[PDB]
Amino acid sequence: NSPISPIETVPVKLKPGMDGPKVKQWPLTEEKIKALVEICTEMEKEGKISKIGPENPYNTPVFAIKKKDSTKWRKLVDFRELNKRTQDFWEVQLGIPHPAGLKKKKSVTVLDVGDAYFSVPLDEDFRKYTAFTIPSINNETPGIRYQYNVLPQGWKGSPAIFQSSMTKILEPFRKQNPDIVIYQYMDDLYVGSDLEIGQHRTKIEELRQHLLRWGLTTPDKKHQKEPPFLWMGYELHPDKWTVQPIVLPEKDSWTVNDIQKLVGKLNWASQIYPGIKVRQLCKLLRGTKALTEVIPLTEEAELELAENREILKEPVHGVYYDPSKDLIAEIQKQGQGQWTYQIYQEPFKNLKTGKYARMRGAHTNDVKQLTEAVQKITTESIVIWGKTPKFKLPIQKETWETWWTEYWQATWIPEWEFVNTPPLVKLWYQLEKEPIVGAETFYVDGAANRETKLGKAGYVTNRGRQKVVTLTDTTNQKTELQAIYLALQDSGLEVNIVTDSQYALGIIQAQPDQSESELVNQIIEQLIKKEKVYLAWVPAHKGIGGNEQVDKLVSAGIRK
């Protein structure tokens, strides 16, 4: 049948302190026993396996199946137990190539390696551990015993050892053909040159022949696939790429399963179709669920879906990468914590697009989110292209400047430029650096009982006002925010607020514009309406005037 590479083997070991597998072979039907004898006989003839005596004490179960439509039998070895006992290997690949990272070539050839694993030899000292037995008709006589000489299907080490073997084999050819790109992925090679067809089709043959010298067979000119290449949910054309066609089902009743599969397809489409959204559709999935259970679409979900269909109605494509030019990345706010981006080198021919829609924490603002989005895109660009892009952001240099200099975390956007693409990113309020003269000073406080969960929130002011609301099923944290909320509700357009909650101060000093907490959102609403707010902290239970009084006031009935 097929060659087995003369490449050197990779030495392989069991996990220290472990012996090979000794799993009992279950009796099989005559039908199955016969199929396996014919298969293994053929495999032995081809070099793939070899007969061994009963001296070897190792065993792994063997099975055989044949679909009800078919007449071809297949052998199945269950390497579960050997796989436990086989050393860890180096992971195959950190990631997979993104089409957007491919440099365009005049000619591209795909070469799949035939019977990849069976074409590579296995460490002779390790073969013994791959032993299996075709049992006798009713397990009366000793079975027929074999071991693998090549990399078995389903064994832990085959992917890594194959790739390793392919790398060593390719090396010399690379060193003599530096202009030719050869991508390694699973059994495949993707080979690209800028040569004219004639000199390319020649170089493919020199490679195919070089590969054959090392026992690896590949398809010839007639059997080699043609563009567009359909690969991993992508279409790769000669001067553009896109995602394989997306079928958005129509349904009366949407099941969890149907929505999961829809979100997945939309997420997949988002890498080249700009503006895709999944927020509202994702909201439907955050629950008890159950695959077959129908979930009715909310109005927002229906509108989101409708907008995506519009986006998807006409085909969109991306271009390939030109490493002589810079990368430009643009980001737009889509609202409700959704961001969308596009990366091009020539406006506006996108290499790719994407989205960012991640809550980091409970309370945040658009400036923080934008920075996070920039960071994600930057990492992505280093992975795909090996360099960071220049950014175009919908935030004034002045807004960014004010924010970063005053904020307590280190933060740094690399080279960027402002672009007037509304909505623009702004901070919606700022806290005063100093006390407001002629403004009422509210001393606020909250308290919660741990057993009962009852709470009181309230304030006393320097103008003699007071108030105290009672709260049920609450916490200390919540009462402290309520207290601040009260003071904002009952105050004029200017106000000084004094709290002993580091928790509340910390939230509010970061100028959040959105929160998971309803209370925090209400506090934000107020802070925007105010003309000036100065917020200060004092330590609790030190009898500081103003604080001691509202403390007595809110402790009554709740704590000593």
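Heads up: residue numbers just count along the shown sequence, starting at 1.
Novice: Got a sec? Mean C-alpha B-factor, which is higher, 457-465 or 262-270?
Specialist: Per the PDB record, 457-465.
Novice: Comparing 12-20 with 540-548, which has the greater mean CA B-factor as deposited?
Specialist: That would be 540-548.
Novice: Checking the entry, which one of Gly275, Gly233, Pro389, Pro172 has the top C-alpha B factor?
Specialist: Highest C-alpha B-factor among the listed options: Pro172.
Novice: For the listed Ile197, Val120, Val77, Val374, which has the peak Cα B-factor recorded in the PDB entry?
Specialist: Each of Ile197, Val120, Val77, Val374 was compared by C-alpha B-factor; the highest is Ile197.
Novice: Consider only the C-alpha atoms of the modelled residues in this chain, order them by B-factor as the entry records it, and name the third containing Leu493: lowest, middle or highest.
Specialist: It falls in the middle third of the chain.
Novice: Among the modelled residues of its chain, does the C-alpha B-factor of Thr29 lie in the lowest, middle or highest third?
Specialist: Middle third.
Novice: Ranked by Cα temperature factor within the chain, is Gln409 in the lowest third, the middle third or the highest third?
Specialist: Its C-alpha B-factor, which the entry lists for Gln409, ranks in the middle third among residues of this chain.
Novice: Among the chain's modelled residues, which third holds the C-alpha B-factor of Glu91?
Specialist: According to the entry, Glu91 has a C-alpha B-factor in the chain's highest third.
Novice: Is the Cα B-factor recorded for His98 in the lowest, middle or highest third of its chain?
Specialist: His98: CA B-factor falls in the lowest third of its chain.
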